[PDB]
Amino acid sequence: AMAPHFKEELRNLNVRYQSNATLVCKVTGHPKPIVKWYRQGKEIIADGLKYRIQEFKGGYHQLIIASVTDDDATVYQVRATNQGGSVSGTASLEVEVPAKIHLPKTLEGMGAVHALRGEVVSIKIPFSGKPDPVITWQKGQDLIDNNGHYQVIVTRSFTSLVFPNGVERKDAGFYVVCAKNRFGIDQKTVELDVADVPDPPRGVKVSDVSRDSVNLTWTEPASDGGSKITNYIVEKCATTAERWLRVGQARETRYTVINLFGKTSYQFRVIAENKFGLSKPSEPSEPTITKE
């Protein structure tokens, strides 16, 4: 009786990159129309791998495209025909994902990255987005350009701010990495702090001596190298044999050493430490002898 007619047309569609696209329609007519799929006008012959063509009771016809990449984001045509007629349709596949930056967990908390002055550093940060986002790095309110100072790397999937010549004090600051595409924009601010290991603590003085204990005291270094000092490490050495050992740690510029041998010649040095690392050891205290 009737000719081929699309009871439900071809729906255009946007998919996430490498996702599976699905095109379906409901065809009607008598006798049952013969349906065929086309990509850019060329008939598709399903391999069941990249393409899969199915139909379901009720005149439903569907095309599934596996792992949709750019090569698949084009036009598709569907055609139905029977002795009395022949109708056709088209659909456009598009991959459209807004730009999004994915900072590493270590960088999500409001915490800066502490770089040891002189140390080369690479702040690598990946992004998503299709089309692949334009990347842009600026320090404060200054677009940063690729040069002898900075090294910028921008691939279609991740970008990295590098300091080829070892970071400098001036480098400390707020870097803003930005990604954009027609479907979205994503900003992120990575803070970078640059400093030195503290200077050696000084003036290690021995006192309150005893048979197995001793009391130490010293003073803060010239500077902490940038970052505040967080703790001092104490080390002891038996003059009898050159070999220093960790004995403890204290926040104060003073500490009580114990488990000493007694009637023994000892020396004590102190190390200053901040978030950036440990300073060189202080001048060792004057040798002293334990009691009893």
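The first residue of the sequence shown is number 1, and the count goes up from there.
Looking at mean Cα B-factors across 159 to 167 and 187 to 195, the upper value is held by 187 to 195. 177 to 185 and 216 to 224 differ in mean CA B-factor, and the higher of the two is recorded for 216 to 224. Based on the entry's C-alpha B-factors, the most elevated value among 94, 108, 208, 132 belongs to 208. When the C-alpha B-factors of 255, 38, 56, 244 are ranked from the entry, the top spot goes to 255. Among the modelled residues of its chain, residue 125 has a C-alpha B-factor that falls in the lowest third, as given in the PDB entry. In the deposited entry, the Cα temperature factor of residue 138 places it in the lowest third of its chain's modelled residues. Sorting the modelled residues of the chain by their CA temperature factor places residue 276 in the lowest third. When all modelled residues of the chain are sorted by CA temperature factor, residue 263 is found within the highest third.
In this PDB entry, residue 77 carries a Cα temperature factor that places it within the lowest third of its chain's modelled residues.
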